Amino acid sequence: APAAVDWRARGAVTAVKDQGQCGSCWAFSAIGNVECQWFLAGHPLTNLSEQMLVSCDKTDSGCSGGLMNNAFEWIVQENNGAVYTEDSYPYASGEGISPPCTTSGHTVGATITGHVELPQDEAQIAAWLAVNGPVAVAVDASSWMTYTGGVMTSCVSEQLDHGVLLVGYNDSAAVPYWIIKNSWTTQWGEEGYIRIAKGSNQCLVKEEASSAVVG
């Protein structure tokens, strides 16, 4: 695989979003992944709807949490593969109150037919990402609440608790790293991103990696 990849440089990643006071990171992770795959599949970069999942995916638990793998199954099995646009189904859960599901009246912004779950191995995840694009991952983010920049090398790695999006890596740096999109606005971290060291399972990053299949 190349020494370094950054899918932001490809124009494949939407702006950093704001989950607010809601445990909906699982939805931001899954939808951010779909956004990037939809662009890479030859379409304009389009903001897609986290609220669709938060309100309508009853396998997951709204502002009380969820799993990207369950979100991807819900989209395919319960929503005909459709992911609505952000503009037609905008995010409304920032104060912790998710509106009831509405089934009518939205605009389809992307279609997926499935998803992949990747091996629990940072090298294979990086090789997949280099060719195929950003990867949704679960992490332990408990120790991310003081991060202001640099490469994190001592991530507390004990319990998965947050969904995020791998968008790149750099194996040439003095400390090789992953580049991760969060959903805590651009006012946290490095314009909304964090670099964590790569190759030591920082933050349990290898454990639950996935990506949508557009089609």
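Heads up, when I say rigid core I mean the largest set of C-alphas that superpose within 1.5 Å between the two forms. Residue numbers run from 1 along the displayed sequence.
- After superposition on the rigid core, the larger root-mean-square Cα deviation in 8 other deposited structures of this protein belongs to 150-158, not to the other of 26-34 and 150-158.
- Between 31-39 and 152-160, it is 152-160 that carries the larger average Cα temperature factor according to the deposited entry.
- For the pair 93-101 and 75-83, the mean B factor over Cα atoms is greater in 93-101.
- Which of 51, 183, 172, 69 has the largest Cα B-factor in the deposited entry comes down to 172.
- Looking at the C-alpha B-factors along this chain, the one for residue 123 belongs to the highest third.
- Sorting the modelled residues of the chain by their CA temperature factor places residue 9 in the middle third.
- Among all modelled residues in its chain, residue 22 ranks in the highest third by Cα B-factor.
- Residue 213: CA B factor in the lowest third of modelled residues in this chain (values from the PDB entry).
- In this PDB entry, the Cα temperature factor of residue 138 sits in the bottom third of its chain's modelled residues, the lowest group.
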